[PDB]
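Student: Next comes entry.cif, mmCIF, N, CA, C and O atoms; chains and numbers go by the auth columns:
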```cif
data_structure
#
loop_
_atom_site.group_PDB
_atom_site.id
_atom_site.type_symbol
_atom_site.label_atom_id
_atom_site.label_comp_id
_atom_site.label_asym_id
_atom_site.label_seq_id
_atom_site.Cartn_x
_atom_site.Cartn_y
_atom_site.Cartn_z
_atom_site.B_iso_or_equiv
_atom_site.auth_seq_id
_atom_site.auth_asym_id
ATOM 1 N N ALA A 1 5.364 -20.578 -14.627 0.00 1 A
ATOM 2 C CA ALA A 1 3.906 -20.561 -14.379 0.00 1 A
ATOM 3 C C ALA A 1 3.380 -19.134 -14.397 0.00 1 A
ATOM 4 O O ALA A 1 4.013 -18.222 -13.862 0.00 1 A
ATOM 5 N N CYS A 2 2.231 -18.944 -15.024 0.00 2 A
ATOM 6 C CA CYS A 2 1.609 -17.634 -15.108 0.00 2 A
ATOM 7 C C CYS A 2 0.126 -17.791 -15.390 0.00 2 A
ATOM 8 O O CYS A 2 -0.325 -18.869 -15.773 0.00 2 A
ATOM 9 N N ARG A 3 -0.631 -16.730 -15.186 0.00 3 A
ATOM 10 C CA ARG A 3 -2.036 -16.741 -15.521 0.00 3 A
ATOM 11 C C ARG A 3 -2.294 -15.977 -16.799 0.00 3 A
ATOM 12 O O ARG A 3 -1.687 -14.940 -17.052 0.00 3 A
ATOM 13 N N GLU A 4 -3.192 -16.508 -17.605 0.00 4 A
ATOM 14 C CA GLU A 4 -3.595 -15.856 -18.832 0.00 4 A
ATOM 15 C C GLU A 4 -4.718 -14.880 -18.536 0.00 4 A
ATOM 16 O O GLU A 4 -5.075 -14.668 -17.372 0.00 4 A
ATOM 17 N N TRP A 5 -5.279 -14.320 -19.591 0.00 5 A
ATOM 18 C CA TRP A 5 -6.376 -13.375 -19.481 0.00 5 A
ATOM 19 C C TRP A 5 -7.497 -13.934 -18.599 0.00 5 A
ATOM 20 O O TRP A 5 -7.858 -15.110 -18.713 0.00 5 A
ATOM 21 N N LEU A 6 -8.022 -13.092 -17.710 0.00 6 A
ATOM 22 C CA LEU A 6 -9.111 -13.472 -16.810 0.00 6 A
ATOM 23 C C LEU A 6 -8.748 -14.674 -15.931 0.00 6 A
ATOM 24 O O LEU A 6 -9.418 -15.710 -15.951 0.00 6 A
ATOM 25 N N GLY A 7 -7.689 -14.516 -15.152 0.00 7 A
ATOM 26 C CA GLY A 7 -7.303 -15.512 -14.172 0.00 7 A
ATOM 27 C C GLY A 7 -6.507 -14.883 -13.046 0.00 7 A
ATOM 28 O O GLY A 7 -5.676 -14.013 -13.303 0.00 7 A
ATOM 29 N N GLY A 8 -6.766 -15.319 -11.814 0.00 8 A
ATOM 30 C CA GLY A 8 -6.156 -14.708 -10.635 0.00 8 A
ATOM 31 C C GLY A 8 -4.662 -14.501 -10.775 0.00 8 A
ATOM 32 O O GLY A 8 -3.907 -15.458 -10.942 0.00 8 A
ATOM 33 N N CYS A 9 -4.234 -13.248 -10.711 0.00 9 A
ATOM 34 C CA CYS A 9 -2.836 -12.910 -10.934 0.00 9 A
ATOM 35 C C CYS A 9 -2.067 -12.797 -9.626 0.00 9 A
ATOM 36 O O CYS A 9 -2.433 -12.029 -8.736 0.00 9 A
ATOM 37 N N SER A 10 -0.997 -13.570 -9.521 0.00 10 A
ATOM 38 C CA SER A 10 -0.133 -13.531 -8.352 0.00 10 A
ATOM 39 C C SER A 10 0.988 -12.514 -8.553 0.00 10 A
ATOM 40 O O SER A 10 1.626 -12.078 -7.595 0.00 10 A
ATOM 41 N N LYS A 11 1.214 -12.131 -9.803 0.00 11 A
ATOM 42 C CA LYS A 11 2.246 -11.155 -10.131 0.00 11 A
ATOM 43 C C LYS A 11 1.657 -10.035 -10.978 0.00 11 A
ATOM 44 O O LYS A 11 0.667 -10.232 -11.684 0.00 11 A
ATOM 45 N N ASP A 12 2.272 -8.866 -10.903 0.00 12 A
ATOM 46 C CA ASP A 12 1.810 -7.705 -11.653 0.00 12 A
ATOM 47 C C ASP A 12 2.682 -7.496 -12.874 0.00 12 A
ATOM 48 O O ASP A 12 2.592 -6.468 -13.540 0.00 12 A
ATOM 49 N N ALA A 13 3.529 -8.472 -13.171 0.00 13 A
ATOM 50 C CA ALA A 13 4.341 -8.427 -14.376 0.00 13 A
ATOM 51 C C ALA A 13 3.576 -9.060 -15.522 0.00 13 A
ATOM 52 O O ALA A 13 4.028 -10.035 -16.120 0.00 13 A
ATOM 53 N N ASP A 14 2.396 -8.493 -15.785 0.00 14 A
ATOM 54 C CA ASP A 14 1.415 -9.017 -16.738 0.00 14 A
ATOM 55 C C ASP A 14 1.262 -10.520 -16.671 0.00 14 A
ATOM 56 O O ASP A 14 0.910 -11.142 -17.666 0.00 14 A
ATOM 57 N N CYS A 15 1.484 -11.070 -15.475 0.00 15 A
ATOM 58 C CA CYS A 15 1.343 -12.499 -15.196 0.00 15 A
ATOM 59 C C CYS A 15 1.956 -13.386 -16.289 0.00 15 A
ATOM 60 O O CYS A 15 3.099 -13.826 -16.147 0.00 15 A
ATOM 61 N N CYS A 16 1.224 -13.660 -17.361 0.00 16 A
ATOM 62 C CA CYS A 16 1.789 -14.387 -18.484 0.00 16 A
ATOM 63 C C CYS A 16 2.527 -13.445 -19.433 0.00 16 A
ATOM 64 O O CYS A 16 3.757 -13.370 -19.411 0.00 16 A
ATOM 65 N N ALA A 17 1.768 -12.729 -20.255 0.00 17 A
ATOM 66 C CA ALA A 17 2.331 -11.785 -21.220 0.00 17 A
ATOM 67 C C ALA A 17 1.226 -10.996 -21.913 0.00 17 A
ATOM 68 O O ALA A 17 0.110 -11.493 -22.062 0.00 17 A
ATOM 69 N N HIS A 18 1.552 -9.771 -22.339 0.00 18 A
ATOM 70 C CA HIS A 18 0.618 -8.899 -23.072 0.00 18 A
ATOM 71 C C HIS A 18 -0.592 -8.557 -22.211 0.00 18 A
ATOM 72 O O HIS A 18 -1.681 -8.282 -22.713 0.00 18 A
ATOM 73 N N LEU A 19 -0.376 -8.546 -20.912 0.00 19 A
ATOM 74 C CA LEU A 19 -1.458 -8.440 -19.952 0.00 19 A
ATOM 75 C C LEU A 19 -1.152 -7.382 -18.901 0.00 19 A
ATOM 76 O O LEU A 19 -0.252 -6.557 -19.074 0.00 19 A
ATOM 77 N N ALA A 20 -1.929 -7.409 -17.832 0.00 20 A
ATOM 78 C CA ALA A 20 -1.692 -6.593 -16.651 0.00 20 A
ATOM 79 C C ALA A 20 -2.571 -7.092 -15.516 0.00 20 A
ATOM 80 O O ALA A 20 -3.774 -7.275 -15.707 0.00 20 A
ATOM 81 N N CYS A 21 -1.981 -7.339 -14.352 0.00 21 A
ATOM 82 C CA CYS A 21 -2.753 -7.787 -13.205 0.00 21 A
ATOM 83 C C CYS A 21 -3.715 -6.689 -12.778 0.00 21 A
ATOM 84 O O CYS A 21 -3.314 -5.709 -12.155 0.00 21 A
ATOM 85 N N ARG A 22 -4.971 -6.849 -13.181 0.00 22 A
ATOM 86 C CA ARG A 22 -6.040 -5.909 -12.866 0.00 22 A
ATOM 87 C C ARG A 22 -6.046 -5.556 -11.383 0.00 22 A
ATOM 88 O O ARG A 22 -6.325 -6.398 -10.535 0.00 22 A
ATOM 89 N N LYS A 23 -5.737 -4.303 -11.089 0.00 23 A
ATOM 90 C CA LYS A 23 -5.627 -3.830 -9.712 0.00 23 A
ATOM 91 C C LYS A 23 -6.905 -3.132 -9.280 0.00 23 A
ATOM 92 O O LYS A 23 -7.004 -2.620 -8.166 0.00 23 A
ATOM 93 N N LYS A 24 -7.886 -3.117 -10.164 0.00 24 A
ATOM 94 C CA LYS A 24 -9.113 -2.386 -9.919 0.00 24 A
ATOM 95 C C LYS A 24 -10.310 -3.314 -9.875 0.00 24 A
ATOM 96 O O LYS A 24 -11.452 -2.859 -9.914 0.00 24 A
ATOM 97 N N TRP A 25 -10.032 -4.615 -9.797 0.00 25 A
ATOM 98 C CA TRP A 25 -11.074 -5.642 -9.769 0.00 25 A
ATOM 99 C C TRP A 25 -11.789 -5.744 -11.122 0.00 25 A
ATOM 100 O O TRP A 25 -11.985 -4.746 -11.816 0.00 25 A
ATOM 101 N N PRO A 26 -12.136 -6.967 -11.547 0.00 26 A
ATOM 102 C CA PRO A 26 -11.721 -8.198 -10.865 0.00 26 A
ATOM 103 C C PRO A 26 -10.231 -8.468 -11.046 0.00 26 A
ATOM 104 O O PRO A 26 -9.713 -8.414 -12.163 0.00 26 A
ATOM 105 N N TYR A 27 -9.548 -8.752 -9.944 0.00 27 A
ATOM 106 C CA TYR A 27 -8.096 -8.904 -9.950 0.00 27 A
ATOM 107 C C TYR A 27 -7.693 -10.210 -10.627 0.00 27 A
ATOM 108 O O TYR A 27 -7.429 -11.206 -9.954 0.00 27 A
ATOM 109 N N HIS A 28 -7.645 -10.222 -11.947 0.00 28 A
ATOM 110 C CA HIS A 28 -7.373 -11.465 -12.655 0.00 28 A
ATOM 111 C C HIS A 28 -6.713 -11.248 -14.016 0.00 28 A
ATOM 112 O O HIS A 28 -6.990 -11.987 -14.950 0.00 28 A
ATOM 113 N N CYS A 29 -5.833 -10.259 -14.112 0.00 29 A
ATOM 114 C CA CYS A 29 -5.129 -9.954 -15.365 0.00 29 A
ATOM 115 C C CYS A 29 -6.071 -9.640 -16.528 0.00 29 A
ATOM 116 O O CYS A 29 -6.861 -10.471 -16.974 0.00 29 A
ATOM 117 N N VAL A 30 -5.961 -8.430 -17.027 0.00 30 A
ATOM 118 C CA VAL A 30 -6.683 -8.030 -18.217 0.00 30 A
ATOM 119 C C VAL A 30 -5.680 -7.649 -19.293 0.00 30 A
ATOM 120 O O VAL A 30 -4.494 -7.496 -18.999 0.00 30 A
ATOM 121 N N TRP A 31 -6.139 -7.517 -20.528 0.00 31 A
ATOM 122 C CA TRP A 31 -5.253 -7.160 -21.628 0.00 31 A
ATOM 123 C C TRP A 31 -4.642 -5.783 -21.395 0.00 31 A
ATOM 124 O O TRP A 31 -5.328 -4.842 -20.985 0.00 31 A
ATOM 125 N N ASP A 32 -3.345 -5.683 -21.667 0.00 32 A
ATOM 126 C CA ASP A 32 -2.564 -4.482 -21.367 0.00 32 A
ATOM 127 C C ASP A 32 -3.085 -3.251 -22.111 0.00 32 A
ATOM 128 O O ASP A 32 -2.867 -2.120 -21.684 0.00 32 A
ATOM 129 N N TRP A 33 -3.791 -3.475 -23.206 0.00 33 A
ATOM 130 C CA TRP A 33 -4.321 -2.384 -24.010 0.00 33 A
ATOM 131 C C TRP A 33 -5.755 -2.038 -23.613 0.00 33 A
ATOM 132 O O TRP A 33 -6.382 -1.168 -24.218 0.00 33 A
ATOM 133 N N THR A 34 -6.272 -2.722 -22.600 0.00 34 A
ATOM 134 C CA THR A 34 -7.620 -2.462 -22.115 0.00 34 A
ATOM 135 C C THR A 34 -7.613 -2.065 -20.642 0.00 34 A
ATOM 136 O O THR A 34 -8.664 -1.828 -20.045 0.00 34 A
ATOM 137 N N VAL A 35 -6.426 -1.996 -20.061 0.00 35 A
ATOM 138 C CA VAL A 35 -6.286 -1.650 -18.656 0.00 35 A
ATOM 139 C C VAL A 35 -5.884 -0.186 -18.501 0.00 35 A
ATOM 140 O O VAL A 35 -6.657 0.579 -17.893 0.00 35 A
#
```
Render the structure in this file as structure tokens.
Tutor:
Amino acid sequence: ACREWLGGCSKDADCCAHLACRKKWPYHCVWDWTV
């Protein structure tokens, strides 16, 4: 289980993939190349 882009991230291991748990709000995983 993981969250995709723009979804509440419980993990900072890019939740799903190619992502990153946005730590600067909104905390919901953003694209790794935009974080």
Student: List as a ChimeraX atom specification the protein and nucleic acid residues near residue 5 in chain A, meaning an atom at most 6 Å away when all atoms listed in the file are counted, but skip any in the same chain fewer than 4 places from it.
Tutor: /A:28-31
Student: Using atom N of residue 33 in chain A and atom O of residue 18 in chain A as the two end points, give the distance in Å to one decimal.
Tutor: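 Between atom N of residue 33 in chain A and atom O of residue 18 in chain A the gap is 5.3 Å.
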Student: Interatomic distance between CA of residue 27 in chain A and CA of residue 8 in chain A?
Tutor: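 That distance, rounded to one decimal, is 6.2 Å.
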Student: If the PyMOL selection byres ((chain A and resi 17) around 8) were run on this exact file, what residues would it hold? Put them as a PDB file with N, CA, C and O atoms, in the frame of the given file.
Tutor:
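Output below, filename out.pdb:
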```
ATOM      1  N   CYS A   2       2.231 -18.944 -15.024  1.00  0.00           N
ATOM      2  CA  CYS A   2       1.609 -17.634 -15.108  1.00  0.00           C
ATOM      3  C   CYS A   2       0.126 -17.791 -15.390  1.00  0.00           C
ATOM      4  O   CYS A   2      -0.325 -18.869 -15.773  1.00  0.00           O
ATOM      5  N   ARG A   3      -0.631 -16.730 -15.186  1.00  0.00           N
ATOM      6  CA  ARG A   3      -2.036 -16.741 -15.521  1.00  0.00           C
ATOM      7  C   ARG A   3      -2.294 -15.977 -16.799  1.00  0.00           C
ATOM      8  O   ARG A   3      -1.687 -14.940 -17.052  1.00  0.00           O
ATOM      9  N   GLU A   4      -3.192 -16.508 -17.605  1.00  0.00           N
ATOM     10  CA  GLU A   4      -3.595 -15.856 -18.832  1.00  0.00           C
ATOM     11  C   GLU A   4      -4.718 -14.880 -18.536  1.00  0.00           C
ATOM     12  O   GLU A   4      -5.075 -14.668 -17.372  1.00  0.00           O
ATOM     13  N   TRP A   5      -5.279 -14.320 -19.591  1.00  0.00           N
ATOM     14  CA  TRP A   5      -6.376 -13.375 -19.481  1.00  0.00           C
ATOM     15  C   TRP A   5      -7.497 -13.934 -18.599  1.00  0.00           C
ATOM     16  O   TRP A   5      -7.858 -15.110 -18.713  1.00  0.00           O
ATOM     17  N   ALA A  13       3.529  -8.472 -13.171  1.00  0.00           N
ATOM     18  CA  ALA A  13       4.341  -8.427 -14.376  1.00  0.00           C
ATOM     19  C   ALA A  13       3.576  -9.060 -15.522  1.00  0.00           C
ATOM     20  O   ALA A  13       4.028 -10.035 -16.120  1.00  0.00           O
ATOM     21  N   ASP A  14       2.396  -8.493 -15.785  1.00  0.00           N
ATOM     22  CA  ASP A  14       1.415  -9.017 -16.738  1.00  0.00           C
ATOM     23  C   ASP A  14       1.262 -10.520 -16.671  1.00  0.00           C
ATOM     24  O   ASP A  14       0.910 -11.142 -17.666  1.00  0.00           O
ATOM     25  N   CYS A  15       1.484 -11.070 -15.475  1.00  0.00           N
ATOM     26  CA  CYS A  15       1.343 -12.499 -15.196  1.00  0.00           C
ATOM     27  C   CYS A  15       1.956 -13.386 -16.289  1.00  0.00           C
ATOM     28  O   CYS A  15       3.099 -13.826 -16.147  1.00  0.00           O
ATOM     29  N   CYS A  16       1.224 -13.660 -17.361  1.00  0.00           N
ATOM     30  CA  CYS A  16       1.789 -14.387 -18.484  1.00  0.00           C
ATOM     31  C   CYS A  16       2.527 -13.445 -19.433  1.00  0.00           C
ATOM     32  O   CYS A  16       3.757 -13.370 -19.411  1.00  0.00           O
ATOM     33  N   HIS A  18       1.552  -9.771 -22.339  1.00  0.00           N
ATOM     34  CA  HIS A  18       0.618  -8.899 -23.072  1.00  0.00           C
ATOM     35  C   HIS A  18      -0.592  -8.557 -22.211  1.00  0.00           C
ATOM     36  O   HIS A  18      -1.681  -8.282 -22.713  1.00  0.00           O
ATOM     37  N   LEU A  19      -0.376  -8.546 -20.912  1.00  0.00           N
ATOM     38  CA  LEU A  19      -1.458  -8.440 -19.952  1.00  0.00           C
ATOM     39  C   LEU A  19      -1.152  -7.382 -18.901  1.00  0.00           C
ATOM     40  O   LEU A  19      -0.252  -6.557 -19.074  1.00  0.00           O
ATOM     41  N   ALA A  20      -1.929  -7.409 -17.832  1.00  0.00           N
ATOM     42  CA  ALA A  20      -1.692  -6.593 -16.651  1.00  0.00           C
ATOM     43  C   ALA A  20      -2.571  -7.092 -15.516  1.00  0.00           C
ATOM     44  O   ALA A  20      -3.774  -7.275 -15.707  1.00  0.00           O
ATOM     45  N   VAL A  30      -5.961  -8.430 -17.027  1.00  0.00           N
ATOM     46  CA  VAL A  30      -6.683  -8.030 -18.217  1.00  0.00           C
ATOM     47  C   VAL A  30      -5.680  -7.649 -19.293  1.00  0.00           C
ATOM     48  O   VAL A  30      -4.494  -7.496 -18.999  1.00  0.00           O
ATOM     49  N   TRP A  31      -6.139  -7.517 -20.528  1.00  0.00           N
ATOM     50  CA  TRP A  31      -5.253  -7.160 -21.628  1.00  0.00           C
ATOM     51  C   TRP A  31      -4.642  -5.783 -21.395  1.00  0.00           C
ATOM     52  O   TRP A  31      -5.328  -4.842 -20.985  1.00  0.00           O
ATOM     53  N   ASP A  32      -3.345  -5.683 -21.667  1.00  0.00           N
ATOM     54  CA  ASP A  32      -2.564  -4.482 -21.367  1.00  0.00           C
ATOM     55  C   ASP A  32      -3.085  -3.251 -22.111  1.00  0.00           C
ATOM     56  O   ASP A  32      -2.867  -2.120 -21.684  1.00  0.00           O
TER      57      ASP A  32
END
```
Student: Return as a VMD selection string the full set of residues in chain A whose backbone-based DSSP assignment is strand (DSSP E).
Tutor: chain A and resid 19 to 20 30 to 31
Student: Can I get the selection written as an mmCIF file, in the frame of the given file, with N, CA, C and O atoms?
Tutor:
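Contents of selection_35.cif, freshly written:
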```
data_model
loop_
_atom_site.group_PDB
_atom_site.id
_atom_site.type_symbol
_atom_site.label_atom_id
_atom_site.label_comp_id
_atom_site.auth_asym_id
_atom_site.auth_seq_id
_atom_site.Cartn_x
_atom_site.Cartn_y
_atom_site.Cartn_z
ATOM 1 N N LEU A 19 -0.376 -8.546 -20.912
ATOM 2 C CA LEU A 19 -1.458 -8.440 -19.952
ATOM 3 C C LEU A 19 -1.152 -7.382 -18.901
ATOM 4 O O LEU A 19 -0.252 -6.557 -19.074
ATOM 5 N N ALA A 20 -1.929 -7.409 -17.832
ATOM 6 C CA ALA A 20 -1.692 -6.593 -16.651
ATOM 7 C C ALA A 20 -2.571 -7.092 -15.516
ATOM 8 O O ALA A 20 -3.774 -7.275 -15.707
ATOM 9 N N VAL A 30 -5.961 -8.430 -17.027
ATOM 10 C CA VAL A 30 -6.683 -8.030 -18.217
ATOM 11 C C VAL A 30 -5.680 -7.649 -19.293
ATOM 12 O O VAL A 30 -4.494 -7.496 -18.999
ATOM 13 N N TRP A 31 -6.139 -7.517 -20.528
ATOM 14 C CA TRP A 31 -5.253 -7.160 -21.628
ATOM 15 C C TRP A 31 -4.642 -5.783 -21.395
ATOM 16 O O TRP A 31 -5.328 -4.842 -20.985
#
```
